[PDB]
Structures are given as structure tokens and as C-alpha cells.
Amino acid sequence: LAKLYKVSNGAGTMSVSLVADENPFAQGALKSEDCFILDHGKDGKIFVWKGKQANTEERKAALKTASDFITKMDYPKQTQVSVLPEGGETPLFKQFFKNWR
């Protein structure tokens, strides 16, 4: 099962927190103020979703963390993080969500 993480410094430190571990995810789980990491790394699918109002530190932290997941969770070494902006989501990303519209 995929997991969805929030990457945010809104609470006073940069934090990577779990927001969803049941599949499929709510489309409204993606909040424009932050970045999110969708981890389905077992088959090499890891996404960074960049909320339009996230800040530079959050974007940088989400990319670094998603890349770190490859090493720390022992995902396939050729895994490439898929980076998506809010509003530029691909079918492969949307398939993880319930009734994306």
C-alpha cells in the first residue's frame, strides 16, 4: 500500500509527517500550502507533489526526503522521483486517488 506524507515547515520546524496510509487517497489530502511525497517505492513509484503556495525550503526538503527514501527503504536503485506541480498531475499519480476530478 502506498503512503502519503506531508512536507511542511508550517508548524515551526521542517517536518515530514504521515497523512494517509489507506488506499486510494482523498484528492483533498493535497494541500496547496505544502509539498507531499507519495511513496509507492516498492515498484519504483515515488512522487513529490508541490503545492502552489509551498515555500522554497519545503520543495527542497521534499525532493531530498523522497530521494533519501530510496536508500533508507531499500527501494530499487534505479528509482527516479517523479516531481509534479499542483495542477500538472499525471494519470500515474492520479490513479492513487479516489475519483480524481
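Throughout, we count residues from 1 along the sequence that is shown.
In this entry, the higher average B-factor at the C-alpha atoms falls on 56 to 64, of the pair 32 to 40 and 56 to 64. The PDB entry reports B-factors from which the mean C-alpha value can be compared for 44 to 52 and 71 to 79; the larger average falls on 71 to 79. For residue 23, the recorded CA B-factor ranks within the highest third of the chain. Only modelled residues enter the ranking. In this PDB entry, the Cα temperature factor of residue 14 sits in the middle third of its chain's modelled residues. When the CA B factors of the chain's modelled residues are split into thirds, the value for residue 91 lands in the highest one. When the modelled residues of the chain are ordered by C-alpha B-factor, residue 3 sits in the middle third.
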